[PDB]
Amino acid sequence: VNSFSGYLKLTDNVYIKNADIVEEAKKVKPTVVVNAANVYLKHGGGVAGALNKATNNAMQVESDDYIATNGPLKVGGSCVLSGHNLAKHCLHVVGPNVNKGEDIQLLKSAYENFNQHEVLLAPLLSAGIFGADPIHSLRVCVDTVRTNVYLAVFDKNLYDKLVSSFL
Ligand SMILES: O=C(O)[C@H]1[C@@H]2CN(c3ncnc4[nH]c5cc(F)ccc5c34)CC[C@@H]21
């Protein structure tokens, strides 16, 4: 038993809700919140910009030190950093950005990072400003992640579409 509430159960291990991941994060204090990061950890907009704003830019300050030491992530890759006031940890995961021409097959590799964590609060990778089809992203999530994932979907309309079309 964990503290996530109001989720719809899609599979043995995948759950979905219409929620603002920032507000869900501040209420659950999950062990892991996933950020929809880019390779430079430049948290300017989308989920990343919202999450970073909620940390009063501390996420960005920590991320800039990470990049200065380690260089950029790979598309499909991840790193674990602090969750600041939102979670114990933030798993920054880079899905392919269709608006940059990145290969959508990397979406599976991106979701594989979730399997290193027993429970996660996450957005749909490569959705939103990353330009992928959120229904495809949900399918890849369900077919790739084996750990317990709680998907927060900001847009109510999108959600109702994700649920109603889920096979
Ligand atoms: O590509 C993106 O950046 C994310 C678009 C929407 N994404 C979100 N998904 C769950 N919770 C969310 N809260 C937000 C608050 C915001 F100001 C902005 C976005 C989000 C958001 C994920 C898919 C894609």
# chains A, B, ... in the order shown; residues from 1 in each chain; ligands from 1
$ select_by_dssp --residues "range 49-158 of chain A" --states "strand (DSSP E)" --output "ChimeraX atom specification"
/A:78-82,89-94,119-122,148-153
$ residues_around --residues "residue 76 in chain A" --least-positions-apart "2" --cutoff "9 Å" --atoms "only C-alpha atoms" --output "PyMOL selection string"
chain A and resi 73-74+78+93-96+106-113
$ write_last_selection --atoms "N, CA, C and O atoms" --output "PDB file, in the first residue's frame"
ATOM      1  N   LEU A  73      23.389  14.391 -21.184  1.00  0.00           N
ATOM      2  CA  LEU A  73      22.838  13.041 -21.238  1.00  0.00           C
ATOM      3  C   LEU A  73      22.729  12.577 -22.691  1.00  0.00           C
ATOM      4  O   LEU A  73      22.897  13.360 -23.629  1.00  0.00           O
ATOM      5  N   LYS A  74      22.431  11.285 -22.864  1.00  0.00           N
ATOM      6  CA  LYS A  74      22.048  10.706 -24.146  1.00  0.00           C
ATOM      7  C   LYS A  74      20.529  10.780 -24.295  1.00  0.00           C
ATOM      8  O   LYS A  74      19.796  10.646 -23.316  1.00  0.00           O
ATOM      9  N   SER A  78      19.187   8.867 -18.727  1.00  0.00           N
ATOM     10  CA  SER A  78      18.656   9.466 -17.514  1.00  0.00           C
ATOM     11  C   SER A  78      19.773   9.737 -16.519  1.00  0.00           C
ATOM     12  O   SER A  78      20.881   9.198 -16.625  1.00  0.00           O
ATOM     13  N   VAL A  93      14.691  11.988 -17.271  1.00  0.00           N
ATOM     14  CA  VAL A  93      14.693  11.040 -18.380  1.00  0.00           C
ATOM     15  C   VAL A  93      14.508  11.809 -19.679  1.00  0.00           C
ATOM     16  O   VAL A  93      13.602  12.646 -19.783  1.00  0.00           O
ATOM     17  N   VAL A  94      15.351  11.501 -20.674  1.00  0.00           N
ATOM     18  CA  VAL A  94      15.308  12.167 -21.974  1.00  0.00           C
ATOM     19  C   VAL A  94      14.591  11.261 -22.967  1.00  0.00           C
ATOM     20  O   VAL A  94      15.169  10.295 -23.465  1.00  0.00           O
ATOM     21  N   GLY A  95      13.341  11.592 -23.297  1.00  0.00           N
ATOM     22  CA  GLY A  95      12.662  10.952 -24.393  1.00  0.00           C
ATOM     23  C   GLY A  95      13.067  11.640 -25.684  1.00  0.00           C
ATOM     24  O   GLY A  95      13.504  12.804 -25.680  1.00  0.00           O
ATOM     25  N   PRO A  96      12.871  11.010 -26.794  1.00  0.00           N
ATOM     26  CA  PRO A  96      13.130  11.694 -28.051  1.00  0.00           C
ATOM     27  C   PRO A  96      12.156  12.846 -28.270  1.00  0.00           C
ATOM     28  O   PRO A  96      10.955  12.726 -28.006  1.00  0.00           O
ATOM     29  N   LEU A 106      13.724   5.423 -29.700  1.00  0.00           N
ATOM     30  CA  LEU A 106      14.417   5.690 -28.449  1.00  0.00           C
ATOM     31  C   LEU A 106      13.466   5.837 -27.279  1.00  0.00           C
ATOM     32  O   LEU A 106      13.912   5.814 -26.130  1.00  0.00           O
ATOM     33  N   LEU A 107      12.168   5.944 -27.549  1.00  0.00           N
ATOM     34  CA  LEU A 107      11.182   6.071 -26.485  1.00  0.00           C
ATOM     35  C   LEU A 107      11.188   4.838 -25.591  1.00  0.00           C
ATOM     36  O   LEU A 107      11.065   4.950 -24.367  1.00  0.00           O
ATOM     37  N   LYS A 108      11.351   3.651 -26.176  1.00  0.00           N
ATOM     38  CA  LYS A 108      11.429   2.453 -25.345  1.00  0.00           C
ATOM     39  C   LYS A 108      12.646   2.505 -24.418  1.00  0.00           C
ATOM     40  O   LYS A 108      12.546   2.211 -23.223  1.00  0.00           O
ATOM     41  N   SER A 109      13.807   2.872 -24.959  1.00  0.00           N
ATOM     42  CA  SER A 109      15.005   3.016 -24.131  1.00  0.00           C
ATOM     43  C   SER A 109      14.776   3.994 -22.987  1.00  0.00           C
ATOM     44  O   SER A 109      15.216   3.757 -21.856  1.00  0.00           O
ATOM     45  N   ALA A 110      14.111   5.109 -23.269  1.00  0.00           N
ATOM     46  CA  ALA A 110      13.814   6.087 -22.228  1.00  0.00           C
ATOM     47  C   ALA A 110      12.990   5.466 -21.100  1.00  0.00           C
ATOM     48  O   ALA A 110      13.303   5.645 -19.916  1.00  0.00           O
ATOM     49  N   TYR A 111      11.916   4.759 -21.445  1.00  0.00           N
ATOM     50  CA  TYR A 111      11.078   4.136 -20.421  1.00  0.00           C
ATOM     51  C   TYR A 111      11.820   3.053 -19.645  1.00  0.00           C
ATOM     52  O   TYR A 111      11.489   2.797 -18.483  1.00  0.00           O
ATOM     53  N   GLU A 112      12.809   2.390 -20.264  1.00  0.00           N
ATOM     54  CA  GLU A 112      13.564   1.362 -19.538  1.00  0.00           C
ATOM     55  C   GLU A 112      14.223   1.913 -18.277  1.00  0.00           C
ATOM     56  O   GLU A 112      14.413   1.176 -17.303  1.00  0.00           O
ATOM     57  N   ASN A 113      14.566   3.206 -18.256  1.00  0.00           N
ATOM     58  CA  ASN A 113      15.148   3.784 -17.051  1.00  0.00           C
ATOM     59  C   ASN A 113      14.215   3.652 -15.852  1.00  0.00           C
ATOM     60  O   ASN A 113      14.675   3.586 -14.710  1.00  0.00           O
TER      61      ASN A 113
END
$ closest_atom_pairs --of "chain A" --to "ligand 1" --cutoff "6 Å" --atoms "only C-alpha atoms and all ligand atoms" --output "Markdown table"
| residue | atom | partner | partner_atom_place_in_ligand_line | distance |
| --- | --- | --- | --- | --- |
| A:20 | CA | ligand 1 | 11 (N) | 4.3 |
| A:21 | CA | ligand 1 | 11 (N) | 4.2 |
| A:45 | CA | ligand 1 | 3 (O) | 5.7 |
| A:46 | CA | ligand 1 | 3 (O) | 2.7 |
| A:47 | CA | ligand 1 | 19 (C) | 4.1 |
| A:50 | CA | ligand 1 | 17 (F) | 4.6 |
| A:123 | CA | ligand 1 | 9 (N) | 4.8 |
| A:124 | CA | ligand 1 | 23 (C) | 5.7 |
| A:127 | CA | ligand 1 | 23 (C) | 4.0 |
| A:128 | CA | ligand 1 | 24 (C) | 2.7 |
| A:129 | CA | ligand 1 | 1 (O) | 3.4 |
| A:130 | CA | ligand 1 | 1 (O) | 4.5 |
| A:152 | CA | ligand 1 | 10 (C) | 5.0 |
| A:153 | CA | ligand 1 | 10 (C) | 4.4 |
| A:154 | CA | ligand 1 | 11 (N) | 4.1 |
$ closest_residue --among "A:33, A:75, A:91, A:138" --to "residue 16 in chain A" --atoms "only C-alpha atoms"
A:138
$ closest_residue --among "A:125, A:132, A:87, A:140" --to "residue 25 in chain A" --atoms "only C-alpha atoms"
A:87
$ residues_around --residues "residue 31 in chain A" --least-positions-apart "3" --cutoff "8 Å" --atoms "only C-alpha atoms" --output "ChimeraX atom specification"
/A:87-89,119-120
$ residues_around --residues "residue 121 in chain A" --least-positions-apart "5" --cutoff "7 Å" --atoms "only C-alpha atoms" --output "PyMOL selection string"
chain A and resi 30+32-34+149-151
$ write_last_selection --atoms "C-alpha atoms" --output "mmCIF file, in the first residue's frame"
data_model
loop_
_atom_site.group_PDB
_atom_site.id
_atom_site.type_symbol
_atom_site.label_atom_id
_atom_site.label_comp_id
_atom_site.auth_asym_id
_atom_site.auth_seq_id
_atom_site.Cartn_x
_atom_site.Cartn_y
_atom_site.Cartn_z
ATOM 1 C CA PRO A 30 7.002 10.355 -3.765
ATOM 2 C CA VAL A 32 10.857 9.368 -7.318
ATOM 3 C CA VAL A 33 9.322 11.987 -9.599
ATOM 4 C CA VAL A 34 10.266 11.723 -13.285
ATOM 5 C CA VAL A 149 4.290 3.732 -12.384
ATOM 6 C CA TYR A 150 1.718 6.428 -11.539
ATOM 7 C CA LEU A 151 1.163 8.562 -14.660
#
$ residues_around --residues "residue 115 in chain A" --least-positions-apart "5" --cutoff "8 Å" --atoms "only C-alpha atoms" --output "PyMOL selection string"
chain A and resi 145-147
$ atom_distance --atom1 "CA of residue 29 in chain A" --atom2 "CA of residue 86 in chain A"
5.7 Å
$ closest_residue --among "A:92, A:100, A:42, A:139" --to "residue 122 in chain A" --atoms "only C-alpha atoms"
A:92
$ select_by_dssp --residues "range 17-141 of chain A" --states "helix (DSSP H, G or I)" --output "ChimeraX atom specification"
/A:21-28,46-54,58-70,98-100,106-116,128-130,134-141
$ atom_distance --atom1 "CA of residue 165 in chain A" --atom2 "CA of residue 13 in chain A"
18.2 Å
$ closest_residue --among "A:117, A:61, A:104, A:36" --to "residue 49 in chain A" --atoms "only C-alpha atoms"
A:36
$ decode --residues "range 35-95 of chain A" --atoms "C-alpha atoms" --output "mmCIF file, in the first residue's frame"
data_model
loop_
_atom_site.group_PDB
_atom_site.id
_atom_site.type_symbol
_atom_site.label_atom_id
_atom_site.label_comp_id
_atom_site.auth_asym_id
_atom_site.auth_seq_id
_atom_site.Cartn_x
_atom_site.Cartn_y
_atom_site.Cartn_z
ATOM 1 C CA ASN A 35 11.168 14.851 -15.226
ATOM 2 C CA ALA A 36 10.704 15.097 -19.001
ATOM 3 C CA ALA A 37 14.258 16.358 -19.473
ATOM 4 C CA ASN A 38 16.403 17.289 -22.461
ATOM 5 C CA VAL A 39 20.053 16.268 -22.803
ATOM 6 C CA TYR A 40 21.274 19.647 -21.477
ATOM 7 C CA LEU A 41 18.960 19.580 -18.434
ATOM 8 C CA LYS A 42 17.707 23.019 -19.509
ATOM 9 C CA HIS A 43 14.343 23.038 -17.693
ATOM 10 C CA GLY A 44 12.668 25.775 -19.667
ATOM 11 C CA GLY A 45 9.127 24.618 -20.328
ATOM 12 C CA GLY A 46 6.679 21.784 -20.342
ATOM 13 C CA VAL A 47 6.889 19.440 -17.377
ATOM 14 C CA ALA A 48 10.529 20.351 -16.762
ATOM 15 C CA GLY A 49 9.889 24.079 -16.610
ATOM 16 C CA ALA A 50 6.959 23.530 -14.254
ATOM 17 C CA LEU A 51 8.875 21.231 -12.004
ATOM 18 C CA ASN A 52 11.862 23.577 -11.946
ATOM 19 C CA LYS A 53 9.672 26.631 -11.200
ATOM 20 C CA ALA A 54 8.140 24.737 -8.257
ATOM 21 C CA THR A 55 11.679 24.259 -6.838
ATOM 22 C CA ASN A 56 12.382 28.017 -7.065
ATOM 23 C CA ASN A 57 15.060 27.237 -9.719
ATOM 24 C CA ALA A 58 17.042 24.940 -7.372
ATOM 25 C CA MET A 59 16.559 22.080 -9.846
ATOM 26 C CA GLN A 60 18.214 24.197 -12.583
ATOM 27 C CA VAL A 61 21.139 25.194 -10.334
ATOM 28 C CA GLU A 62 21.787 21.554 -9.428
ATOM 29 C CA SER A 63 21.396 20.493 -13.068
ATOM 30 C CA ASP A 64 23.889 23.074 -14.342
ATOM 31 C CA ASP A 65 26.511 21.710 -11.927
ATOM 32 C CA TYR A 66 25.711 18.151 -13.100
ATOM 33 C CA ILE A 67 26.234 19.107 -16.766
ATOM 34 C CA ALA A 68 29.410 21.075 -16.048
ATOM 35 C CA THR A 69 30.864 17.924 -14.440
ATOM 36 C CA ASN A 70 29.441 15.155 -16.656
ATOM 37 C CA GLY A 71 28.403 16.689 -19.985
ATOM 38 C CA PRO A 72 25.034 16.080 -21.637
ATOM 39 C CA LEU A 73 22.838 13.041 -21.238
ATOM 40 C CA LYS A 74 22.048 10.706 -24.146
ATOM 41 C CA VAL A 75 18.626 10.724 -25.794
ATOM 42 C CA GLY A 76 17.016 7.692 -24.143
ATOM 43 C CA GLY A 77 19.181 8.174 -21.029
ATOM 44 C CA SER A 78 18.656 9.466 -17.514
ATOM 45 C CA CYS A 79 20.262 10.671 -14.317
ATOM 46 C CA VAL A 80 19.131 10.718 -10.682
ATOM 47 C CA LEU A 81 19.316 14.082 -8.932
ATOM 48 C CA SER A 82 17.594 15.622 -5.928
ATOM 49 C CA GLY A 83 13.806 15.876 -5.787
ATOM 50 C CA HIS A 84 14.126 19.147 -3.828
ATOM 51 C CA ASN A 85 10.742 20.048 -2.256
ATOM 52 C CA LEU A 86 8.816 17.736 -4.615
ATOM 53 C CA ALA A 87 10.173 14.207 -4.016
ATOM 54 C CA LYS A 88 13.147 12.425 -2.506
ATOM 55 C CA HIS A 89 14.726 12.048 -5.965
ATOM 56 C CA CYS A 90 14.094 13.320 -9.464
ATOM 57 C CA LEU A 91 14.806 10.895 -12.295
ATOM 58 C CA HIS A 92 15.551 13.135 -15.298
ATOM 59 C CA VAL A 93 14.693 11.040 -18.380
ATOM 60 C CA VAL A 94 15.308 12.167 -21.974
ATOM 61 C CA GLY A 95 12.662 10.952 -24.393
#
